[PDB]
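Engineer: Before I ask anything, here is the structure I am working with.
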Amino acid sequence: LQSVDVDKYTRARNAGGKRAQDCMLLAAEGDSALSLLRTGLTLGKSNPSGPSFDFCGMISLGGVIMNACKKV
Amino acid sequence: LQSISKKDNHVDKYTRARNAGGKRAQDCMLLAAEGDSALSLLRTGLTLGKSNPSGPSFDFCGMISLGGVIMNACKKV
Amino acid sequence: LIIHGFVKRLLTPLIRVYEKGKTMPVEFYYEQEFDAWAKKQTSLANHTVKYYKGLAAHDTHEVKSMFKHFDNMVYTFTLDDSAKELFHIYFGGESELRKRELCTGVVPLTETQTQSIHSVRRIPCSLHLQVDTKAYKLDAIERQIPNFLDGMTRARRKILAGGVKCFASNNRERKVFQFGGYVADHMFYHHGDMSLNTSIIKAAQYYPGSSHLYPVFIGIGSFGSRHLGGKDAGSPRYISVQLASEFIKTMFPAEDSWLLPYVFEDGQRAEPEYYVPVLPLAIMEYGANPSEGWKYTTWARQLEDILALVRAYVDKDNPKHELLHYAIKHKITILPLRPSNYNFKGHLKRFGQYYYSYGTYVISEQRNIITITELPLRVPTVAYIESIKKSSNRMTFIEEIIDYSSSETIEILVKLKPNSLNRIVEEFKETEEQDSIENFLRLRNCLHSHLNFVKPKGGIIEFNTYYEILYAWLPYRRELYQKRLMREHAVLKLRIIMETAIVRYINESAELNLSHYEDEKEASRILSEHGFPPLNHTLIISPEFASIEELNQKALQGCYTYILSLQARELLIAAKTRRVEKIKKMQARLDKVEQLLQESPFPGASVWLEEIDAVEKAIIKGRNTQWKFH
Amino acid sequence: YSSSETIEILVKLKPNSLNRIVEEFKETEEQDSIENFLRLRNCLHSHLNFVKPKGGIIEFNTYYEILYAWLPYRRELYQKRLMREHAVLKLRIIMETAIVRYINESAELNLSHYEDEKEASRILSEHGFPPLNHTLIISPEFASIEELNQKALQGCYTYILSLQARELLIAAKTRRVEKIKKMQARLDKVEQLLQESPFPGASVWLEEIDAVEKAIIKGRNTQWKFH
Amino acid sequence: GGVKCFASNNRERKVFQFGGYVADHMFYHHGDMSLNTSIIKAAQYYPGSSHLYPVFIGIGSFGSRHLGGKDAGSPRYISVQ
DNA sequence: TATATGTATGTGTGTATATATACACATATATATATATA
DNA sequence: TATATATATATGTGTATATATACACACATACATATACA
């Protein structure tokens, strides 16, 4: 019986490095939400005070999370 | 490489007729429908047991899905 | 990591309300906060209300405003010692904790907690669980459990209201996705489109063992069968529905839909809080759902039992009249209330405190073949066959198991291994309650009910017998008859008053010389001097939803528009004869109404017997035509 | 490093490789070496194949052919809308210059005295009122001009018997008189611009050119949101 | 169907509700997914889209230059006008 | 040992054809899994 | 034969997503098949 990677995932440029602790994971619910987040994290010079992909990532929650409080 | 990916070769929609491949195999039809709602219609139709005493049934008739649109072979051979 | 601070969230608006002119909207984060804000208003015909299901409904000029202030709206979670028991209650493997918490409503939020959250931007996990998750679980109970008056859920009540309105003009059929778009547009359905189409499909099915015994719609196409449990219908692209118009006409009377409390969504009304049918339709069908905390399961009753009980309650010269009222006062049972055996050929037995339903086999030793001819209630065929195929203790006696069933009648054929009828009886012992073959071939089941409904004004209610549901249902229909008769009485007096001034204006238009006058001001002045009553023409012709105090409070506060939009077509003598005879019919109807408001045992007791007979003949006609109403 | 609507792409080169790009990806006078390296041109190659009215493929060679095929359809459509407008205006003048004199004469015509609408239609036809098709004069939907002047003078007296008593006042008479004056002026304008050069309806299509152009400008200024 | 639907007031609809309208009143005899995709791509407006003068005003997430307009929302989210 | 030279794949656009899948929620039933008895 | 687990199915009303085929043609990437030789 003993005998790919992440799906819909956009890493940040600074994940697991020298400034790893100051990065966020914006986990969204589906893919239309990730379309909104991709629209909004790419305000280039129209939002100098907002975040971008230098310190933010994206991943989808797949709908409804499985609970672990009753499968353990 | 084939043996690594032979497990994914070994799920089609197929209702076998009772007499497919036997002594009366040439008496049998294969009603190749186009989707799954069509198979719902055909399975409704082939089970009129006494409302259609002169009709067909699954003793000599099968069903299979054509999967939408058939690939052509004339451009791929 | 929840202690040190690792788990965070944004906080976006669910509702924005835009005023004309102002470039800042009013934002709401909860639905009941919007409803409480909106019902306090006086006119909402210069505002626009937007509902945002999902983040992708936000267009560009507001995502820019949401992301100029991104770090301003991220909140961090803290937890205390009062939180571990709440996670075990809300998400643990036992429901009794969840039942006893989930009966009470949501507890609102104090000013100190709200100022602390909106100032320092940290959220207690327990304070999140005792508002947001509890509000979710109460809303899920409301969506997934039926009311006990009409017997239907909230989605199916939206489907019924939008289907009465959709097939109004002519009853032409539409595709399921087109009708779904209609009922999601006009009934303010705020969810996805796939589950609505699934509910429209399953709200129209009719076969032996379906959920609904008396469906709202006639279904035109392929709507699935017994043999897969209705799971093999067509796609909504293919199949169609139309309204079963005479059953909906007789069961849900149209002049009673004006008198019900309605669900207001986004400012304007959507559907009733509940329908009140002529018969107790909550106990007349099948059903089995889970929900949050509770479970819903019903088995339908006989039609003749329910007709006997309602006709014994209402009709005054039935022999079981006062004795049934005694039994309602003391909650004892007299007339029997059996399960329904319609469209089922097997047999039903009561052994203690439960009912059991049995199949039907046909033993043969000439060819060692048992011919199964029926399954128990609500048992699909292919699931039964695969269940009888997986069990290894039963497979040791059979050679081959073959199906020959039609689309509406079971006929399964087993084949036994040679000389194996004898070894079944010592292996599968015969009790008094079931046979050895029925132990062998899985041919009985128990009818075990969970009568957990929702009530008006929300919240769970839980009954112990079907008699309790009937006794809780009857007074609502009683008072609704009293309401419709008093409303009709007021409207008839006011319409007599209206048309017996049209008659005298037609008689005096030549002496009055209306063409001589200048505009509506001088005409209304010269009509006020000759003894014409000022009336409110719109409220008299169409009293849509007006209560009787509203109907006699703004009726005498109008103008002479009733008399001024008269066409010259109707100044003729045949029109005079027509209006005088319809005034005579209206005042005869008024005498009949004020005589109906007095009778025994309560007002409106003969009209309800007539409607029982009408619903009965419509059900009989529908059962004969295979629910096609040809 | 792109924006939502603006491109910004950043490559990095390993050291001492620009000169290898220049000598290895050669430069013609149609495209640069850096554009040959970075895929930075394409051809605007057309296949002008449309369908025609009454079905069937048509294949053009240049965009001038498509423009020159387009123009006469719009020209003839202006001509037939002006013919339709002229016909409807004459018919509505005829319709209201019976209603106004009925308001003037119904005080002593005394239609309240008659039994039903057949006697009323008889006595209305005995004083010179024209029988009209009121539901097609007031709403010509998809009627061509032949079936406009073919079946509209062959109706009844519904235009004159379905008047509300609100209409019999003096201000309503005044408003109908000025509305008759405005329709008469518009009929004069329609017959004046049916005869213009080069083809009928030549200034109207200039005005619609101007309106479409400023609507396109106002839509481009608001990111096609029309604020 | 859009001129017929939005006649009374220019109130927004969803994509699947407007698609149900234009499949009912314009006698469309095909599937719903292709009609909704056609409505979505008829409403889009970005630098490099097919339409330079679109019929509709799109309200929601209608995709960008970067994925070629293939990164819009589902038809239960986005609106047209 | 470089060169051409004729082979074979491979996404991509609009309008069509036919399908697939994860999750929550309650409760009654089930079929095999397991101690320790020995 | 017993007391005891831990995983397993189905119902309605909800939350999220996946995938095969046709049709034309300009364009991109992969050899490979020779033909002088070397």
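Protein chains in written order, with PDB author numbering: chain D, 401 to 403, 413 to 481; chain U, 401 to 410, 415 to 481; chain F, 563 to 1192; chain B, 966 to 1192; chain V, 724 to 804.
Beta carbons: idealized from backbone N, C-alpha and C, even for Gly.
(1) Look at the alpha carbon of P1018(B) and the alpha carbon of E973(F), and state the distance between them as a whole number of angstroms.
(2) Hey, does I1102(B) have any beta-carbon neighbour from chain V nearer than 8 Å?
(3) Using a Cβ-Cβ distance under 8 Å, would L443(D) count as near chain B?
(4) Report yes if the CB atom of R1131(F) is closer than 8 Å to the CB atom of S1127(B), and no otherwise.
(5) Report the three-state DSSP secondary structure of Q1115(B) (helix, strand or coil).
(6) What does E1000(F) pair with, by DSSP beta-bridge criteria?
(7) Would you list the residues sitting across from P901(F) in a DSSP beta bridge?
(8) Can you list, in chain order, the residues of its chain whose CB lies under 7 Å from that of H748(V), leaving out five sequence neighbours each side?
(9) Hey, is the segment 668-687 of chain F in contact with the segment 762-769 of chain F, meaning 3+ C-beta pairs nearer than 8 Å?
(10) For the beta strand (DSSP E) that contains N851(F), what are its first and last residues?
(11) Could you name the residues of the segment 685-711 of chain F whose beta carbon sits closer than 8 Å to any beta carbon of chain D, in the order they occur along the chain?
(12) Can the beta-carbon of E1091(F) be found less than 8 Å from the beta-carbon of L1134(B)?
(13) Use the C-beta contact count for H887(F): other C-beta atoms within 10 angstroms, 16 or more gives buried, fewer gives exposed.
(14) Run through the segment 688-768 of chain F for me and flag every whole beta strand (DSSP E) of 3 or more residues, listed as ranges in chain order.
(15) Would you mind telling me which residues of chain U sit closer than 8 Å to residue 529(F), beta carbon to beta carbon, in chain order?
(16) Please state whether DSSP places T419(D) in a helix, a strand or coil.
(17) Compute the distance between the beta-carbons of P708(F) and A844(F), then report whether it is under 8 Å.
(18) Measuring only between beta-carbons, confirm whether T448(D) sits less than 8 Å from chain V.
(19) List the residues of chain F whose Cβ lies closer than 7 Å to the Cβ of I782(V), in chain order.
(20) Give the DSSP-derived three-state secondary structure of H410(U) in the structure shown.
(21) Whole alpha helix (DSSP H) runs in the segment 1031-1118 of chain B with 4 or more residues, listed along the chain?
(22) Contact between the segment 997-1016 of chain F and the segment 914-923 of chain F: three or more CB pairs below 8 Å?
(23) Starting from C1008(F), follow its DSSP beta bridges and name the residues at the other end.
(24) Is the CB of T1187(B) under 8 Å away from at least one CB in chain D?
(25) CB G742(F) to CB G743(V), shorter than 8 Å?
(26) Return the chain-ordered list of same chain residues with a C-beta closer than 6 Å to the C-beta of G791(F), the five sequence neighbours on each side being excluded.
(27) Could you tell me the alpha carbon to alpha carbon distance between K1138(F) and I1145(F), rounded to whole angstroms?
(28) Bridge partners of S469(D), per DSSP?
(29) Considering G781(F), what are the terminal residues of the beta strand (DSSP E) in which it resides?
(30) So, does the segment 432-449 of chain D touch the segment 1151-1168 of chain F, judging by three or more C-beta pairs under 8 Å?
(31) Could you say which of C465(U), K417(U), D416(U), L450(U) lies nearest to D431(U) if we only look at CA atoms?
(32) Give the straight-line distance between the Cα atoms of residue 1208(B) and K737(F), rounded to the nearest whole angstrom.
(33) Give the secondary structure of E595(F) by DSSP, where H, G and I count as helix, E and B as strand, and everything else as coil.
(34) Can you grab the Cα-Cα spacing for the pair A645(F) / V668(F), in whole Å?
(35) Looking only at C-alpha atoms, which of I1102(B), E1143(B), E1173(B), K1179(B) sits nearest to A1117(B)?
(36) Which residues does DSSP pair with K612(F) in a beta bridge?
Structural biologist: Reading off the structure:
(1) 60 Å
(2) no
(3) no
(4) yes
(5) helix
(6) Per DSSP, none; premise fails for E1000(F).
(7) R863(F)
(8) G724, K727
(9) no
(10) 849-852
(11) none
(12) no
(13) exposed
(14) none
(15) Here chain F has residues from 563 to 1192 only, and residue 529(F) is not among them.
(16) strand
(17) yes
(18) yes
(19) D621
(20) coil
(21) 1082-1090, 1099-1102, 1110-1116
(22) yes
(23) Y918(F)
(24) no
(25) yes
(26) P942
(27) 11 Å
(28) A437(D)
(29) 779-782
(30) no
(31) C465(U)
(32) Chain B is shown from 966 up to 1192; residue 1208(B) falls before or after that span and cannot be answered.
(33) helix
(34) 17 Å
(35) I1102(B)
(36) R578(F)
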